[PDB]
């Protein structure tokens, strides 16, 4: 997260870190046994880490639970990042509490101009690299589909939306992948892609969660 601020310990209790010996992606707890993340975050040997603030310091509120299974969207296309969404099941049910909470799935989509919260432990530099150890937060509006497509002609699908600032300076970035975009108290996006980070006229591109709610619900009910 570039141009953001320190969230504050566990103020984003639905935020998870995916760990394979190191943090490599964000995700979102949607109930005691299930996490939503980006398809591009897929890999074997994944451990879900809940209730984190500093990912390099054990602070006493964490729950580490291995993944029993991953389900990448059936139509995920890695070449274009269309349908960049995946579900991860926990080996054991998380013990939900103040610091470890689920985020509600949308009942509807969200409109351009809506303010959202994006968070993660990804790079905080626009040029160059610096990873924070605590969680960073960014307030960012959903952008019109037409400024999204003009930034990335022929690259935006109906399963994507842009959010951010066209002037630059404020954006998500590498390491924020798979993390939540929360608008009007629901999970409306997943950190997916972008050209660089926080660059002018290159806003962040997010998976459009409201399109996948039936798939998520059907998939978690049968797995």
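Positions refer to the first chain, counted from 1.
The stretch with the higher mean CA B factor, choosing between 34-42 and 58-66, is 58-66. Higher average CA B factor: 125-133, of the stretches 69-77 and 125-133. In the PDB entry, the Cα temperature factor peaks, among 147, 115, 108, 111, at 108.
In this structure the maximum Cα B-factor among 103, 86, 142, 138 is found at 86. Per the PDB record, residue ranking by Cα B-factor puts residue 200 in the highest third of the chain. Annotation for residue 11: C-alpha temperature factor in the highest third relative to the rest of the modelled chain, per the entry. Remark: residue 174 belongs to the middle third of its chain, ranked by C-alpha B-factor as recorded. Among all modelled residues in its chain, residue 184 ranks in the highest third by Cα B-factor.
Residue 158: CA B factor lies in the middle third for its chain, per the PDB record.
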